[PDB]
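A.B. asks: Data: work-v3.cif, mmCIF, C-alpha atoms and all ligand atoms.
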data_protein
#
loop_
_atom_site.group_PDB
_atom_site.id
_atom_site.type_symbol
_atom_site.label_atom_id
_atom_site.label_comp_id
_atom_site.auth_asym_id
_atom_site.auth_seq_id
_atom_site.Cartn_x
_atom_site.Cartn_y
_atom_site.Cartn_z
ATOM 1 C CA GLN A 1 191.627 -11.625 -25.720
ATOM 2 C CA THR A 2 191.000 -15.369 -25.373
ATOM 3 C CA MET A 3 188.492 -14.926 -28.195
ATOM 4 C CA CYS A 4 189.182 -18.522 -29.188
ATOM 5 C CA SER A 5 185.538 -18.845 -30.373
ATOM 6 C CA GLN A 6 184.571 -19.845 -33.957
ATOM 7 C CA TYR A 7 184.366 -16.375 -35.575
ATOM 8 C CA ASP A 8 185.660 -13.370 -33.612
ATOM 9 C CA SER A 9 186.689 -9.819 -34.326
ATOM 10 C CA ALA A 10 188.527 -7.110 -32.461
ATOM 11 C CA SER A 11 188.652 -3.849 -34.309
ATOM 12 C CA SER A 12 190.013 -0.369 -33.843
ATOM 13 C CA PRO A 13 188.976 1.301 -37.135
ATOM 14 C CA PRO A 14 190.113 0.871 -39.715
ATOM 15 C CA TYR A 15 191.938 -2.212 -38.393
ATOM 16 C CA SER A 16 190.752 -5.594 -37.120
ATOM 17 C CA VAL A 17 192.162 -8.901 -35.937
ATOM 18 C CA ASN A 18 189.994 -11.852 -36.870
ATOM 19 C CA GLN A 19 189.927 -15.395 -35.560
ATOM 20 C CA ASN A 20 188.427 -17.555 -38.282
ATOM 21 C CA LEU A 21 188.003 -21.306 -37.773
ATOM 22 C CA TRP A 22 185.859 -22.121 -40.811
ATOM 23 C CA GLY A 23 187.295 -25.626 -41.019
ATOM 24 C CA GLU A 24 187.143 -26.531 -37.339
ATOM 25 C CA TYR A 25 184.944 -29.496 -38.272
ATOM 26 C CA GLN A 26 187.395 -31.126 -40.700
ATOM 27 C CA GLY A 27 190.095 -31.883 -38.154
ATOM 28 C CA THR A 28 190.921 -31.870 -34.454
ATOM 29 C CA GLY A 29 192.810 -29.303 -32.416
ATOM 30 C CA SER A 30 192.670 -25.831 -30.931
ATOM 31 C CA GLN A 31 193.486 -22.257 -31.883
ATOM 32 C CA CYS A 32 193.241 -18.938 -30.040
ATOM 33 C CA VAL A 33 194.087 -15.483 -31.409
ATOM 34 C CA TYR A 34 195.675 -12.881 -29.175
ATOM 35 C CA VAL A 35 195.884 -9.154 -29.839
ATOM 36 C CA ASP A 36 199.197 -7.569 -28.833
ATOM 37 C CA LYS A 37 198.556 -4.006 -29.958
ATOM 38 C CA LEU A 38 195.645 -2.708 -31.990
ATOM 39 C CA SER A 39 194.855 0.893 -32.877
ATOM 40 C CA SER A 40 193.883 2.970 -35.896
ATOM 41 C CA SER A 41 197.571 2.977 -36.868
ATOM 42 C CA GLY A 42 198.204 -0.737 -37.204
ATOM 43 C CA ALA A 43 197.819 -4.225 -35.823
ATOM 44 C CA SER A 44 200.135 -6.556 -33.969
ATOM 45 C CA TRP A 45 198.902 -9.993 -32.957
ATOM 46 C CA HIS A 46 199.654 -13.676 -32.707
ATOM 47 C CA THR A 47 197.888 -17.027 -32.779
ATOM 48 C CA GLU A 48 198.856 -20.462 -31.458
ATOM 49 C CA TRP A 49 197.549 -23.631 -33.089
ATOM 50 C CA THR A 50 197.506 -27.418 -33.394
ATOM 51 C CA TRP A 51 195.488 -29.332 -36.001
ATOM 52 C CA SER A 52 195.236 -32.981 -37.044
ATOM 53 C CA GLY A 53 193.414 -34.983 -39.681
ATOM 54 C CA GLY A 54 191.757 -33.678 -42.817
ATOM 55 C CA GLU A 55 195.079 -32.826 -44.470
ATOM 56 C CA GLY A 56 194.705 -30.746 -47.616
ATOM 57 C CA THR A 57 191.943 -28.732 -45.959
ATOM 58 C CA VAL A 58 192.464 -25.313 -44.379
ATOM 59 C CA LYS A 59 191.181 -25.376 -40.794
ATOM 60 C CA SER A 60 191.446 -21.644 -40.112
ATOM 61 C CA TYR A 61 192.566 -18.278 -41.395
ATOM 62 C CA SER A 62 193.547 -15.961 -38.571
ATOM 63 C CA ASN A 63 194.176 -12.503 -39.944
ATOM 64 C CA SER A 64 194.270 -8.751 -39.622
ATOM 65 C CA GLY A 65 192.182 -6.725 -42.046
ATOM 66 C CA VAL A 66 191.583 -3.102 -42.909
ATOM 67 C CA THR A 67 188.169 -1.645 -43.636
ATOM 68 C CA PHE A 68 187.768 0.714 -46.604
ATOM 69 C CA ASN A 69 185.311 1.854 -49.270
ATOM 70 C CA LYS A 70 184.583 -0.493 -52.172
ATOM 71 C CA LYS A 71 186.117 0.956 -55.326
ATOM 72 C CA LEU A 72 186.894 -0.171 -58.875
ATOM 73 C CA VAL A 73 190.344 -1.750 -59.153
ATOM 74 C CA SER A 74 191.078 0.552 -62.098
ATOM 75 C CA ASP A 75 190.325 3.492 -59.776
ATOM 76 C CA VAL A 76 192.887 2.378 -57.210
ATOM 77 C CA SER A 77 195.924 4.666 -57.048
ATOM 78 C CA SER A 78 197.900 2.560 -54.578
ATOM 79 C CA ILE A 79 197.678 -0.057 -51.841
ATOM 80 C CA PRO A 80 200.669 0.571 -49.556
ATOM 81 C CA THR A 81 201.304 -2.102 -46.940
ATOM 82 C CA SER A 82 204.084 -3.332 -44.659
ATOM 83 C CA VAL A 83 204.367 -6.359 -42.400
ATOM 84 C CA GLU A 84 206.887 -8.067 -40.178
ATOM 85 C CA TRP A 85 206.021 -11.565 -38.981
ATOM 86 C CA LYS A 86 207.530 -14.794 -37.770
ATOM 87 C CA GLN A 87 206.526 -18.448 -37.697
ATOM 88 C CA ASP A 88 207.556 -20.410 -34.606
ATOM 89 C CA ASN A 89 207.711 -24.108 -35.655
ATOM 90 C CA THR A 90 207.936 -24.633 -39.406
ATOM 91 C CA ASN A 91 207.149 -28.374 -39.239
ATOM 92 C CA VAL A 92 203.591 -27.653 -40.316
ATOM 93 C CA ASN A 93 201.333 -27.350 -43.325
ATOM 94 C CA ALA A 94 200.356 -23.691 -43.585
ATOM 95 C CA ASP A 95 200.930 -20.497 -45.519
ATOM 96 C CA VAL A 96 201.357 -16.812 -44.690
ATOM 97 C CA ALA A 97 199.523 -14.630 -47.175
ATOM 98 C CA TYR A 98 197.729 -11.464 -48.191
ATOM 99 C CA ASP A 99 194.181 -12.197 -49.279
ATOM 100 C CA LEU A 100 192.323 -9.766 -51.535
ATOM 101 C CA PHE A 101 188.819 -10.193 -52.920
ATOM 102 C CA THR A 102 187.072 -8.507 -55.839
ATOM 103 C CA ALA A 103 183.570 -8.947 -57.257
ATOM 104 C CA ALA A 104 181.787 -7.720 -60.381
ATOM 105 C CA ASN A 105 179.079 -6.343 -58.093
ATOM 106 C CA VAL A 106 179.730 -4.452 -54.836
ATOM 107 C CA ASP A 107 176.262 -5.735 -53.873
ATOM 108 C CA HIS A 108 177.891 -9.124 -53.224
ATOM 109 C CA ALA A 109 179.086 -10.643 -49.936
ATOM 110 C CA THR A 110 182.734 -10.096 -48.959
ATOM 111 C CA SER A 111 183.436 -13.846 -48.624
ATOM 112 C CA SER A 112 184.299 -14.200 -52.327
ATOM 113 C CA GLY A 113 182.952 -12.715 -55.554
ATOM 114 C CA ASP A 114 184.742 -13.510 -58.786
ATOM 115 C CA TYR A 115 188.438 -13.061 -58.043
ATOM 116 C CA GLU A 116 190.740 -13.790 -55.125
ATOM 117 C CA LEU A 117 194.320 -12.532 -55.068
ATOM 118 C CA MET A 118 196.616 -14.376 -52.660
ATOM 119 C CA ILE A 119 200.148 -13.065 -52.121
ATOM 120 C CA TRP A 120 202.084 -15.840 -50.386
ATOM 121 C CA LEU A 121 204.960 -14.608 -48.229
ATOM 122 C CA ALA A 122 205.621 -18.151 -46.987
ATOM 123 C CA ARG A 123 204.651 -21.746 -47.714
ATOM 124 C CA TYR A 124 205.200 -24.514 -45.163
ATOM 125 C CA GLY A 125 204.927 -28.266 -45.556
ATOM 126 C CA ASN A 126 203.459 -29.769 -48.704
ATOM 127 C CA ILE A 127 200.694 -27.240 -49.385
ATOM 128 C CA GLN A 128 200.622 -25.372 -52.682
ATOM 129 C CA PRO A 129 198.438 -22.778 -54.432
ATOM 130 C CA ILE A 130 195.192 -23.511 -56.282
ATOM 131 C CA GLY A 131 195.628 -24.510 -59.935
ATOM 132 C CA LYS A 132 198.956 -24.403 -61.767
ATOM 133 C CA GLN A 133 201.866 -22.028 -62.184
ATOM 134 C CA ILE A 134 201.389 -20.028 -65.376
ATOM 135 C CA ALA A 135 204.342 -17.667 -65.075
ATOM 136 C CA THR A 136 206.990 -16.060 -62.930
ATOM 137 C CA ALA A 137 206.874 -12.303 -62.655
ATOM 138 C CA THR A 138 208.838 -9.508 -61.078
ATOM 139 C CA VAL A 139 206.586 -7.344 -58.969
ATOM 140 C CA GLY A 140 207.736 -4.688 -56.552
ATOM 141 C CA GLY A 141 211.342 -5.622 -57.163
ATOM 142 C CA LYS A 142 210.850 -9.269 -56.254
ATOM 143 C CA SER A 143 210.385 -12.475 -58.211
ATOM 144 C CA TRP A 144 207.096 -14.328 -57.807
ATOM 145 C CA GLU A 145 205.583 -17.477 -59.206
ATOM 146 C CA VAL A 146 202.167 -16.713 -60.657
ATOM 147 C CA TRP A 147 199.593 -19.442 -60.106
ATOM 148 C CA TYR A 148 196.086 -19.602 -61.508
ATOM 149 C CA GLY A 149 193.134 -21.794 -60.678
ATOM 150 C CA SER A 150 189.377 -21.631 -60.241
ATOM 151 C CA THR A 151 187.249 -23.428 -57.681
ATOM 152 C CA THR A 152 183.467 -23.604 -57.841
ATOM 153 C CA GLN A 153 181.501 -24.269 -54.654
ATOM 154 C CA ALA A 154 177.748 -23.982 -54.076
ATOM 155 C CA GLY A 155 177.672 -22.491 -57.566
ATOM 156 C CA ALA A 156 180.258 -19.828 -56.754
ATOM 157 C CA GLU A 157 182.914 -20.165 -59.452
ATOM 158 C CA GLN A 158 185.856 -18.229 -58.012
ATOM 159 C CA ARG A 159 189.060 -17.355 -59.853
ATOM 160 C CA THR A 160 192.258 -17.325 -57.814
ATOM 161 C CA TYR A 161 195.616 -15.787 -58.703
ATOM 162 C CA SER A 162 198.448 -16.602 -56.322
ATOM 163 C CA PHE A 163 201.815 -14.872 -56.228
ATOM 164 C CA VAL A 164 204.330 -17.106 -54.434
ATOM 165 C CA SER A 165 207.850 -16.238 -53.305
ATOM 166 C CA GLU A 166 210.507 -18.968 -53.488
ATOM 167 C CA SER A 167 211.525 -18.489 -49.865
ATOM 168 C CA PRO A 168 209.913 -16.942 -46.757
ATOM 169 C CA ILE A 169 209.780 -13.163 -46.592
ATOM 170 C CA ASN A 170 209.433 -12.216 -42.934
ATOM 171 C CA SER A 171 209.783 -8.527 -43.631
ATOM 172 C CA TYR A 172 207.775 -7.196 -46.544
ATOM 173 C CA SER A 173 206.763 -3.800 -47.796
ATOM 174 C CA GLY A 174 205.275 -2.826 -51.137
ATOM 175 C CA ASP A 175 202.417 -1.434 -53.175
ATOM 176 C CA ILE A 176 199.980 -4.290 -53.649
ATOM 177 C CA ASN A 177 198.406 -2.359 -56.538
ATOM 178 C CA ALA A 178 201.480 -3.368 -58.558
ATOM 179 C CA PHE A 179 200.088 -6.920 -58.520
ATOM 180 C CA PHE A 180 196.766 -5.703 -59.896
ATOM 181 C CA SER A 181 198.581 -3.667 -62.500
ATOM 182 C CA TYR A 182 200.547 -6.736 -63.509
ATOM 183 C CA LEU A 183 197.394 -8.892 -63.806
ATOM 184 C CA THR A 184 195.590 -6.267 -65.884
ATOM 185 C CA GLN A 185 198.301 -5.929 -68.513
ATOM 186 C CA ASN A 186 199.561 -9.519 -68.552
ATOM 187 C CA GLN A 187 196.651 -11.792 -67.606
ATOM 188 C CA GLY A 188 193.542 -10.011 -68.907
ATOM 189 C CA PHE A 189 192.250 -9.045 -65.459
ATOM 190 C CA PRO A 190 189.045 -6.942 -65.883
ATOM 191 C CA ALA A 191 190.102 -4.050 -63.627
ATOM 192 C CA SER A 192 187.520 -1.559 -64.890
ATOM 193 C CA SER A 193 184.648 -3.832 -63.812
ATOM 194 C CA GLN A 194 185.868 -5.327 -60.536
ATOM 195 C CA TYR A 195 185.471 -3.805 -57.095
ATOM 196 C CA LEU A 196 188.170 -4.380 -54.503
ATOM 197 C CA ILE A 197 186.114 -5.409 -51.461
ATOM 198 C CA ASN A 198 188.416 -7.072 -48.929
ATOM 199 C CA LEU A 199 192.073 -6.882 -47.873
ATOM 200 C CA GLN A 200 193.431 -9.294 -45.291
ATOM 201 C CA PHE A 201 196.688 -10.758 -44.139
ATOM 202 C CA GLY A 202 197.257 -13.803 -42.022
ATOM 203 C CA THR A 203 197.888 -17.499 -41.991
ATOM 204 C CA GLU A 204 196.002 -20.513 -43.284
ATOM 205 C CA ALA A 205 196.615 -23.519 -41.018
ATOM 206 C CA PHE A 206 196.116 -27.058 -42.408
ATOM 207 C CA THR A 207 197.793 -29.500 -39.999
ATOM 208 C CA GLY A 208 200.631 -29.470 -37.501
ATOM 209 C CA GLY A 209 201.480 -27.749 -34.257
ATOM 210 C CA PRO A 210 201.730 -26.676 -31.556
ATOM 211 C CA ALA A 211 202.881 -23.680 -33.622
ATOM 212 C CA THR A 212 202.835 -19.909 -33.154
ATOM 213 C CA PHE A 213 202.314 -17.234 -35.824
ATOM 214 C CA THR A 214 203.265 -13.670 -34.858
ATOM 215 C CA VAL A 215 202.663 -10.391 -36.645
ATOM 216 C CA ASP A 216 204.962 -7.799 -35.035
ATOM 217 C CA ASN A 217 203.275 -5.034 -36.992
ATOM 218 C CA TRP A 218 200.930 -4.661 -39.933
ATOM 219 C CA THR A 219 199.694 -1.684 -41.924
ATOM 220 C CA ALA A 220 197.568 -1.442 -45.037
ATOM 221 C CA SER A 221 195.729 1.341 -46.791
ATOM 222 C CA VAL A 222 193.649 1.517 -49.957
ATOM 223 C CA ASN A 223 193.855 4.724 -51.994
HETATM 224 PD PD PD B 301 192.584 -16.143 -28.633
HETATM 225 PD PD PD B 302 199.649 -16.057 -26.821
HETATM 226 PD PD PD B 303 193.734 -18.438 -51.005
#
Let's see the structure in the file written out as structure tokens.

C.D. replies:
Amino acid sequence: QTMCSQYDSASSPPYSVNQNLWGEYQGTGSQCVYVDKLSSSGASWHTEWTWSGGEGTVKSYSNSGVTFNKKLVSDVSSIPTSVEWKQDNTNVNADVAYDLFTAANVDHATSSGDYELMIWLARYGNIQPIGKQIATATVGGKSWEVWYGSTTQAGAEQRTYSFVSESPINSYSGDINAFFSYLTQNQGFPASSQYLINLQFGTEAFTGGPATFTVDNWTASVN
């Protein structure tokens, strides 16, 4: 659809495609999100965009998500997921990433919580993760840079762990739970007291364009 509004959702349980321009007031430009194929078996979609000014600030996060029942990270058996995407015009400042949120209380909004786990499949321009690199780890057969940082806004101190690949991975498959398992044994992540609440995948656009981000297919499940 031309659901190029501020916040829009198209869902076919348990999947959804979400247009999210939560930074539309920091720069200037336009962005629409189009659904190509959406059913209970997966999501395929694309978004075109152009943004200027307010560099260093994410203007939007178009993404596909999967709805599921809040459950303790330590109770998660596996998070299988696969994706195939492509970025048309790399002369921009944006990233392609999986975004996972956990909170110490399921009775908390899904916008944040305590921890955010970003798995960067691509990094364009001069943008970089929050905080500093604290390690490099091998997860799911691949090498990732582990970054850690914590931002506090409106009193919401949020801890972010970012796994970044050296080069773009257009075709990825893996068990995301492996990242949680790594964080629990190597970075003190409190798995037995954190509820996985949100799982999304998409792109954060800072500046640049016209550019097109396409997700040929996307699947994700939380067990
Ligand atoms: Pd649209
Ligand atoms: Pd289009
Ligand atoms: Pd992030």

A.B. asks: Could you tell me, counting all atoms listed in the file, which protein and nucleic acid residues lie no more than 8 Å from ligand PD 301 (chain B), written as a ChimeraX atom specification?

C.D. replies: /A:1-5,19,31-35,47

A.B. asks: Can you tell me which residues come within 9 Å of ligand PD 303 (chain B) when counting all atoms listed in the file, ideally as number ranges by chain?

C.D. replies: A: 97-100, 116-120, 129-130, 160-162, 204

A.B. asks: Can you pull out every residue within 6 Å of residue 121 in chain A, counting only C-alpha atoms, but drop anything in the same chain fewer than 3 positions away, and send it as a PDB file with C-alpha atoms, keeping the file's coordinate frame?

C.D. replies:
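Saved to around.pdb:
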ATOM      1  CA  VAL A  96     201.357 -16.812 -44.690  1.00  0.00           C
ATOM      2  CA  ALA A  97     199.523 -14.630 -47.175  1.00  0.00           C
ATOM      3  CA  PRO A 168     209.913 -16.942 -46.757  1.00  0.00           C
ATOM      4  CA  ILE A 169     209.780 -13.163 -46.592  1.00  0.00           C
TER       5      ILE A 169
END

A.B. asks: Please, what distance in Å, to one decimal, runs between CA of residue 185 in chain A and CA of residue 73 in chain A?

C.D. replies: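 Distance between the two atoms: 13.0 Å.
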
A.B. asks: Compare A:150, A:60, A:44, A:112 by their minimum atom-to-atom distance to ligand PD 302 (chain B), counting only C-alpha atoms and all ligand atoms, and give me the closest one.

C.D. replies: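 Of A:150, A:60, A:44, A:112, the one nearest ligand PD 302 (chain B) is A:44, counting only C-alpha atoms and all ligand atoms.
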
A.B. asks: What is the distance between CA of residue 196 in chain A and CA of residue 71 in chain A, in Å to one decimal?

C.D. replies: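 One can read the CA of residue 196 in chain A to CA of residue 71 in chain A distance as 5.8 Å.
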
A.B. asks: Of the residues A:158, A:78, A:69, A:91, which is the one nearest to residue 207 in chain A, using only C-alpha atoms?

C.D. replies: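 Selected residue with least distance to residue 207 in chain A: A:91.
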
A.B. asks: I would like the residues chosen by the PyMOL selection byres (((chain A and resi 113) around 12) and not hetatm) on the shown file; could you give them as number ranges by chain?

C.D. replies: A: 100-112, 114-117, 150-153, 155-160, 194-198

A.B. asks: Can range 95-120 of chain A be brought up to N, CA and C atoms and written out as an mmCIF file, in the coordinates of the input?

C.D. replies:
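What follows is the written file result-v1.cif:
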data_model
loop_
_atom_site.group_PDB
_atom_site.id
_atom_site.type_symbol
_atom_site.label_atom_id
_atom_site.label_comp_id
_atom_site.auth_asym_id
_atom_site.auth_seq_id
_atom_site.Cartn_x
_atom_site.Cartn_y
_atom_site.Cartn_z
ATOM 1 N N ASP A 95 200.347 -21.565 -44.728
ATOM 2 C CA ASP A 95 200.930 -20.497 -45.519
ATOM 3 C C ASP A 95 200.675 -19.167 -44.833
ATOM 4 N N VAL A 96 201.459 -18.168 -45.217
ATOM 5 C CA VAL A 96 201.357 -16.812 -44.690
ATOM 6 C C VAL A 96 201.049 -16.006 -45.936
ATOM 7 N N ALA A 97 199.886 -15.359 -45.971
ATOM 8 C CA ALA A 97 199.523 -14.630 -47.175
ATOM 9 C C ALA A 97 198.585 -13.442 -47.052
ATOM 10 N N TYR A 98 198.624 -12.599 -48.078
ATOM 11 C CA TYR A 98 197.729 -11.464 -48.191
ATOM 12 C C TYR A 98 196.580 -12.058 -48.992
ATOM 13 N N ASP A 99 195.369 -11.695 -48.620
ATOM 14 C CA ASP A 99 194.181 -12.197 -49.279
ATOM 15 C C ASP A 99 193.337 -11.005 -49.723
ATOM 16 N N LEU A 100 193.136 -10.859 -51.028
ATOM 17 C CA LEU A 100 192.323 -9.766 -51.535
ATOM 18 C C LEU A 100 191.176 -10.307 -52.365
ATOM 19 N N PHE A 101 189.982 -9.751 -52.164
ATOM 20 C CA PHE A 101 188.819 -10.193 -52.920
ATOM 21 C C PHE A 101 188.198 -9.080 -53.747
ATOM 22 N N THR A 102 187.734 -9.441 -54.938
ATOM 23 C CA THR A 102 187.072 -8.507 -55.839
ATOM 24 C C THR A 102 185.833 -9.202 -56.397
ATOM 25 N N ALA A 103 184.812 -8.415 -56.713
ATOM 26 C CA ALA A 103 183.570 -8.947 -57.257
ATOM 27 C C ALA A 103 183.059 -7.990 -58.322
ATOM 28 N N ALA A 104 182.331 -8.527 -59.295
ATOM 29 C CA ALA A 104 181.787 -7.720 -60.381
ATOM 30 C C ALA A 104 180.551 -6.942 -59.931
ATOM 31 N N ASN A 105 180.231 -7.042 -58.645
ATOM 32 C CA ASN A 105 179.079 -6.343 -58.093
ATOM 33 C C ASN A 105 179.299 -6.102 -56.596
ATOM 34 N N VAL A 106 179.505 -4.837 -56.229
ATOM 35 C CA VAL A 106 179.730 -4.452 -54.836
ATOM 36 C C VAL A 106 178.593 -4.961 -53.946
ATOM 37 N N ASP A 107 177.448 -5.237 -54.571
ATOM 38 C CA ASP A 107 176.262 -5.735 -53.873
ATOM 39 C C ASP A 107 176.372 -7.238 -53.590
ATOM 40 N N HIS A 108 177.612 -7.719 -53.500
ATOM 41 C CA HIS A 108 177.891 -9.124 -53.224
ATOM 42 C C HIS A 108 178.665 -9.267 -51.915
ATOM 43 N N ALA A 109 178.420 -10.368 -51.207
ATOM 44 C CA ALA A 109 179.086 -10.643 -49.936
ATOM 45 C C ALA A 109 180.600 -10.524 -50.083
ATOM 46 N N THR A 110 181.278 -10.253 -48.969
ATOM 47 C CA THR A 110 182.734 -10.096 -48.959
ATOM 48 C C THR A 110 183.513 -11.407 -48.782
ATOM 49 N N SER A 111 182.803 -12.535 -48.793
ATOM 50 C CA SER A 111 183.436 -13.846 -48.624
ATOM 51 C C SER A 111 184.128 -14.342 -49.896
ATOM 52 N N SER A 112 183.719 -13.806 -51.043
ATOM 53 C CA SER A 112 184.299 -14.200 -52.327
ATOM 54 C C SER A 112 184.024 -13.167 -53.424
ATOM 55 N N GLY A 113 183.289 -13.593 -54.448
ATOM 56 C CA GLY A 113 182.952 -12.715 -55.554
ATOM 57 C C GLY A 113 183.245 -13.375 -56.883
ATOM 58 N N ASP A 114 184.332 -12.951 -57.509
ATOM 59 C CA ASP A 114 184.742 -13.510 -58.786
ATOM 60 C C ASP A 114 186.226 -13.835 -58.717
ATOM 61 N N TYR A 115 186.992 -12.910 -58.148
ATOM 62 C CA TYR A 115 188.438 -13.061 -58.043
ATOM 63 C C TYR A 115 189.015 -12.981 -56.640
ATOM 64 N N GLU A 116 190.033 -13.796 -56.394
ATOM 65 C CA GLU A 116 190.740 -13.790 -55.125
ATOM 66 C C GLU A 116 192.210 -13.654 -55.477
ATOM 67 N N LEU A 117 192.903 -12.742 -54.808
ATOM 68 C CA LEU A 117 194.320 -12.532 -55.068
ATOM 69 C C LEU A 117 195.095 -12.845 -53.800
ATOM 70 N N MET A 118 195.825 -13.959 -53.811
ATOM 71 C CA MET A 118 196.616 -14.376 -52.660
ATOM 72 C C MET A 118 198.084 -14.066 -52.935
ATOM 73 N N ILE A 119 198.731 -13.371 -52.005
ATOM 74 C CA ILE A 119 200.148 -13.065 -52.121
ATOM 75 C C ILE A 119 200.792 -13.835 -50.980
ATOM 76 N N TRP A 120 201.433 -14.945 -51.333
ATOM 77 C CA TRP A 120 202.084 -15.840 -50.386
ATOM 78 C C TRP A 120 203.481 -15.380 -49.971
#
